[PDB]
Enquirer: 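The structure's right below; bear with me while I get my questions together.
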Amino acid sequence: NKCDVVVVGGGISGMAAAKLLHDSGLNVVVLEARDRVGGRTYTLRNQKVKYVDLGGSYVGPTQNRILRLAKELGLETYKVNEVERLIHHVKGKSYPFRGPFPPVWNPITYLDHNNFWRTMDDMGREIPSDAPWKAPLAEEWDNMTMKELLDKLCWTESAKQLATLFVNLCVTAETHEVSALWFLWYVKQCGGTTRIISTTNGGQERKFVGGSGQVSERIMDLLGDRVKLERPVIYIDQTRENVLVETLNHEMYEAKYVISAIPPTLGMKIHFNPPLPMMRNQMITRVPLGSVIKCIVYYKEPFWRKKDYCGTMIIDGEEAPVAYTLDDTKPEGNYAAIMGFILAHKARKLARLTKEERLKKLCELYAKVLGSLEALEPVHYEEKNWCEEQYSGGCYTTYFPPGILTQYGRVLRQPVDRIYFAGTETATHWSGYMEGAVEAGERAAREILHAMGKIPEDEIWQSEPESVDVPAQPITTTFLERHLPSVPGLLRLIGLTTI
Amino acid sequence: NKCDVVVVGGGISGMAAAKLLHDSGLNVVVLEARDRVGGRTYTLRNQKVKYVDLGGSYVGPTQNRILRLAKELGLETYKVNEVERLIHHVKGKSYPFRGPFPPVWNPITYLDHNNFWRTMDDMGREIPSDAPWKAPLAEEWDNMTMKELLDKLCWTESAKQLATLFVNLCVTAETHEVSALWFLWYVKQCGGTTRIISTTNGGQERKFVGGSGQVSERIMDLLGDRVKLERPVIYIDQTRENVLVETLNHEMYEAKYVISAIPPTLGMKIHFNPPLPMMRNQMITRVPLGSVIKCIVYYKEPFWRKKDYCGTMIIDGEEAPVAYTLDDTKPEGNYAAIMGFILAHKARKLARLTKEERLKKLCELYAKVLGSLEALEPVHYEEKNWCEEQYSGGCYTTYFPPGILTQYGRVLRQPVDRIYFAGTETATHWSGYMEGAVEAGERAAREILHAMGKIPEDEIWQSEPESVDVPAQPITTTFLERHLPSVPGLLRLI
Ligand SMILES: *Cc1cc2c(cc1C)nc1c(=O)[nH]c(=O)nc-1n2C[C@H](O)[C@H](O)[C@H](O)COP(=O)(O)OP(=O)(O)OC[C@H]1O[C@@H](n2cnc3c(N)ncnc32)[C@H](O)[C@@H]1O
Ligand SMILES: *Cc1cc2c(cc1C)nc1c(=O)[nH]c(=O)nc-1n2C[C@H](O)[C@H](O)[C@H](O)COP(=O)(O)OP(=O)(O)OC[C@H]1O[C@@H](n2cnc3c(N)ncnc32)[C@H](O)[C@@H]1O
Ligand SMILES: O=Cc1cc(=O)oc2cc(OCc3cccc(Cl)c3)ccc12
Ligand SMILES: O=Cc1cc(=O)oc2cc(OCc3cccc(Cl)c3)ccc12
């Protein structure tokens, strides 16, 4: 029954909030809908795989809150394999390379590719991380999809195809589904295009030894029986002196404050008394999650490394079930594996198949991309379709369709009386990631500490010291990258010399 | 506890289904979240207005099922006032007109406007009513917003501004929010642009004497104690012999079958066991409802009639709170009033104001458009902001953002085990309206009758005889409307 704060949701955000609150001396309870903690992180263990992350997995430089939280829990990271060459597979052929971006040789195409990435970042710098709706052209940008933006910007099909794969991979949604403003904010708040797509020096640099699901489990250990499993919240009543939170299995909890640490749309699964204010009531029906199947095929050895491929494949084409892969081999070099994502519409289309049918398509694709018959001999397969999860709604995160962020975005983390809002969707730095979950959980716990009169207002938002274990190389550009014209810029230059 | 069918929701659709099954001899229960029936219909009564519809109100020709149902309940309709001239207010001046569409005088603008309305209807002819995802260009049209379509189509700002108002009024959403495929389907399954926008011989022809809220009320009267108010469903368990339906107030119902008669996205408020299949699980997070404030300003007399204006106003531009009005005067000529809609982003923007502030902005606008100081002296005001309703989500109806219809649309009315889907969103003719609520409720009730072996499969979908009281006249076009070129068509001749 009685405590100081009820946290709804026991993913990384809810658990980080509850930890911070418990450490400050408050009585907290965490109500978790599932028979497990971790939410969109989930570490499967069995004898065949040892452990494997089926949800959120990668961490990297500039993600200093999840690194510090995980380090304090006694966790360690290891580097994702990028020793050998990456592959870009396009129009049925593979092209090995080094560096974060596939190289482009054709000079006109090079200008178009260079201008594409440069412009994403140019536009992003006009967008405040904490208030994207305050960008000067916020309305214009929000009223366009990413497909429309790409249509205006990309003068070559080569750039437009790569850019489409970029969007599908970043937000598990089609370019026609998402707001240009939202997507430009999303990339910028992770530190830009280079940071977001990079393995070395970027978001996919590292994984946690033993799995990311340990973060949530270890905090559950510290909190003990304050974590209540299989307590889906159905009802929040704020009409009396203390808040009442009711669960599906018939229990009632009384609290001074509530943290909602669930994806924004899952807020719909709760009946509110009094009803939510209008802006929030409608916002929660306008913010879906993307569609992805995360698939892991195991092999006897990491045979790709022998042909000088690191296991990274960027695979363009409608026939390809998987558009992106990484080496998922253990740091000890055993349980050789390839992780791949089935993205957006393909997750919907391929969900119709059996597990065995999907394994077969993946192996056939990998054999072709890697030019290797060994890829047709899996020893094991694990997969997870996040579209089927009642208590997630999708993965990795919430996307904004056109027109939504400028109209409703300002209420995302606005308190509703004594309900405060956590979850990765409400973060301002790596929103959508385990990193943003930690930022949002800890910020919402501090909003409650400030309301209780325990901390001053200036301590609600707190900087994080850089990790000493995972240093961040700065993002740099060359002089030519900076000053080379776009395609229409060069055309304008030609019309000027000719006139 | 125990019955044959539990219907979740007591709006028109859920009540229609329950009535059909009751009349068949089955034992029905209706679980309704609110302290009232009607849902997105709501008739307020007080001495100042007598009665007023603050949600769904209008009915018209080709809406035969709502007309039959209401007649059986003892209801009568009357005609919305369209005797005098309509007004199109553009660039700060009023231009009175007759006929459904505002006239265009510039020859280039004329061609552009003509082409727009014509093209909406041509594109709709390729969209099947019962399967819009089967349109030959479904993906291409689904992957574009209506804003993109209008930018391509409309060569003048005049046409683009009227087209925009059209979208905003029809679906209470912005052009950039909505799929082109879904919008074009929506228009097509109402019978086309003329039918949808017309008062005479269209959707706004008539209203119910005493209010549309009487439809649900009178069915509730007929169902006895089978309707349970303040029973929001929170849980549906299908793992056993009988379906188990649990309510927020701790009650438990057991039935052979369930009809879900609530907006698709409101299905999010129910915890399901076993979980819903993947496609429906994601579909119900992808389908918002629009945003509207319905506002009624009352006057001593319908003074506009003295100036040969009927009270219909089509008001262009960003600055105007209301883009569209109709005369809301009672048949007897008393309780004079103007009904107006504050639409889409204006509902969001103006909601922060007080009721009295919105009243003043409305009266000043109507004074300017009607050219009458009489509009400045209202006797009463009523309004309803539908965006604030927990158990509606919005009004009038669900819209589909780009990409959604083709990817998810086929699961909208696919049964989940022993759960069948009603609600106006599931209709194939006047979906979004009271008419479509009836169609979908009665169809869902018959799917279950068929599941019980009571009727054959060919009796699940049933045609409706035309109303004798509200007969439909055909929509016609002229030779020039059909054959005049578009702007780029005239350019190609030059
Ligand atoms: C799914 C996924 C995610 C993911 C990704 C790949 C996939 C396939 N890769 C990532 C990566 O490599 N690196 C990274 O940093 N993030 C990655 N992502 C996203 C990441 O997993 C998420 O950003 C993060 O896990 C989100 O955390 P958050 O704490 O904000 O949210 P949650 O995990 O969804 O947890 C919410 C909890 O709430 C419970 N719930 C839901 N409804 C209720 C009710 N009504 N009552 C009580 N509890 C409720 C959920 O069960 C959950 O535990
Ligand atoms: C709001 C509105 C609607 C409207 C319109 C103008 C406005 C401002 N103009 C219309 C018009 O002139 N002519 C017309 O035919 N339609 C017009 N519309 C739309 C029309 O009202 C709707 O299409 C129709 O009313 C929809 O009926 P339906 O029965 O399909 O849906 P509903 O009214 O929303 O009823 C659903 C009921 O379900 C209850 N509910 C919701 N959740 C639960 C749970 N969990 N448990 C139990 N009950 C639940 C609702 O409270 C509601 O009663
Ligand atoms: O955003 C999340 C994310 C999770 C992930 O596992 O891999 C990514 C890989 C990305 O980029 C890989 C890449 C490299 C070169 C070109 C292109 Cl288009 C993409 C971008 C985001 C991600
Ligand atoms: O769709 C619902 C709807 C409810 C209504 O009350 O009035 C309408 C009026 C409409 O058209 C009026 C109109 C006339 C002439 C031009 C334009 Cl753009 C609009 C269209 C839909 C509606």
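In what follows, every heavy atom counts, from backbone to side chain, and hydrogens, waters and symmetry copies are set aside. The chains referred to below are lettered A, B, ... by the order of the sequence lines, with proteins before strands, and numbering in each begins at 1.
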Enquirer: Could you tell me which portion of B:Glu389 (side chain, backbone, both or neither) has an atom closer than 4.5 angstrom to a non-hydrogen atom of chain A?
Expert: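 The answer is the backbone of B:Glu389.
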
Enquirer: Should the heavy atoms of other residues, nucleotides or ligands under 6.0 Å from NZ of A:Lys228 be counted, would the total exceed 12?
Expert: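 Above 12, so yes.
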
Enquirer: Can you tell me which portion of B:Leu289 sits under 4.5 Å from chain A's heavy atoms? Options are side chain, backbone, both or neither.
Expert: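 Looking at B:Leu289, just its backbone touches chain A.
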
Enquirer: Heavy-atom distance under 4.5 Å to chain B: side chain of A:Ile284, backbone, both or neither?
Expert: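 Nothing of A:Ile284, per the 4.5 Å heavy-atom cut-off to chain B.
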
Enquirer: So which of B:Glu177, B:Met144, B:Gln390 has the biggest tally of heavy-atom pairs under 4.5 Å with chain A?
Expert: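 The answer is B:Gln390.
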
Enquirer: I'd like to check B:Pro401 versus A:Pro402 (side-chain heavy atoms, cut-off strictly below 4.5 Å). Are they in contact?
Expert: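 Contact flag for B:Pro401/A:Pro402 side chains = no.
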
Enquirer: Give a yes or no answer on whether the side chain of B:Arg286 reaches the backbone of A:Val287 with a donor-acceptor pair at less than 3.5 Å.
Expert: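 A pair under 3.5 Å: no.
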
Enquirer: Just wondering, do A:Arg352 and B:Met278 contact through their side chains at under 4.5 Å, heavy atoms?
Expert: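 They are not in contact (no side-chain heavy atoms under 4.5 Å apart), so the answer is no.
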
Enquirer: Do other residues, nucleotides or ligands put more than 12 heavy atoms under 6.0 Å from the NZ atom of B:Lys355?
Expert: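 For B:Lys355, atom NZ is crowded (more than 12 foreign heavy atoms under 6.0 Å).
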
Enquirer: Side chain, backbone, both or neither: which part of B:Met279 has a heavy atom under 4.5 Å from chain A?
Expert: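 For B:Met279, the contact with chain A is made by the side chain alone.
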
Enquirer: Should A:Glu246 and B:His250 be marked as a side chain to side chain donor-acceptor pair (under 3.5 Å) after you check the CA-CA gap, both sets of side-chain angles, and the distance that decides it?
Expert: CA-CA 11 Å; A:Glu246 182 168 24; B:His250 308 103; 2.8 Å; yes

Enquirer: Among A:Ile234, A:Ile270, A:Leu248, which residue has the highest count of heavy-atom pairs closer than 4.5 Å to chain B?
Expert: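 Most heavy-atom pairs within the cutoff with chain B belong to A:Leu248.
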
Enquirer: Report yes if some heavy atom in the side chain of A:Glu174 is under 4.5 Å from a heavy atom in the side chain of B:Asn143; otherwise report no.
Expert: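 Result no, sub-4.5 Å side-chain heavy-atom pair not found.
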
Enquirer: Quick one, A:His271 and B:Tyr391 - any side-chain contact, counting heavy atoms below 4.5 Å?
Expert: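 The answer is yes, as the side chains (C-beta and beyond) meet within the 4.5 Å cut-off.
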
Enquirer: When only pairs under 4.5 Å are counted, which of B:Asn385, B:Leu276, B:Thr175 shares the most heavy-atom pairs with chain A?
Expert: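 Winner by heavy-atom pair count: B:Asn385.
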
Enquirer: So what's closer than 4.5 Å to chain A heavy atoms on B:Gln407: side chain, backbone, both or neither?
Expert: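 Answer is side chain: those atoms of B:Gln407 sit under 4.5 Å from chain A.
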
Enquirer: With only heavy atoms counted, which part of B:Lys147 is less than 4.5 Å from chain A, the side chain, the backbone, both or neither?
Expert: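 The answer is the side chain of B:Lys147.
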
Enquirer: Quick check on B:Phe272 against chain A: is it the side chain, the backbone, both or neither that has a heavy atom closer than 4.5 Å?
Expert: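 For B:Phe272, heavy atoms of backbone and side chain both lie under 4.5 Å from chain A.
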
Enquirer: Check the surroundings of atom CD in A:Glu139: do more than 12 heavy atoms from other residues, nucleotides or ligands lie under 6.0 Å from it?
Expert: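 12 or below, so no.
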
Enquirer: Mind checking whether B:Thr145 and A:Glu148 have side chains closer than 4.5 Å, heavy atoms only?
Expert: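 Result yes, sub-4.5 Å side-chain heavy-atom pair found.
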
Enquirer: Heavy-atom distance under 4.5 Å to chain A: side chain of B:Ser291, backbone, both or neither?
Expert: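 Contact with chain A: backbone and side chain both.
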
Enquirer: Please rank B:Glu388, B:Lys349, B:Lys269 by heavy-atom pairs under 4.5 Å with chain A and give me the top one.
Expert: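 The answer is B:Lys269.
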
Enquirer: Within the 4.5 Å heavy-atom criterion, are B:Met268 and A:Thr265 side-chain neighbours or not?
Expert: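 SC-SC contact between B:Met268 and A:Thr265 confirmed.
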
Enquirer: Counting N and O atoms only, with roles assigned by atom type, does the side chain of A:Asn281 sit under 3.5 Å from a partner on the main chain of B:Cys387, one being a donor and the other an acceptor?
Expert: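 Pair found, side chain donor or acceptor close to backbone of B:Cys387.
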
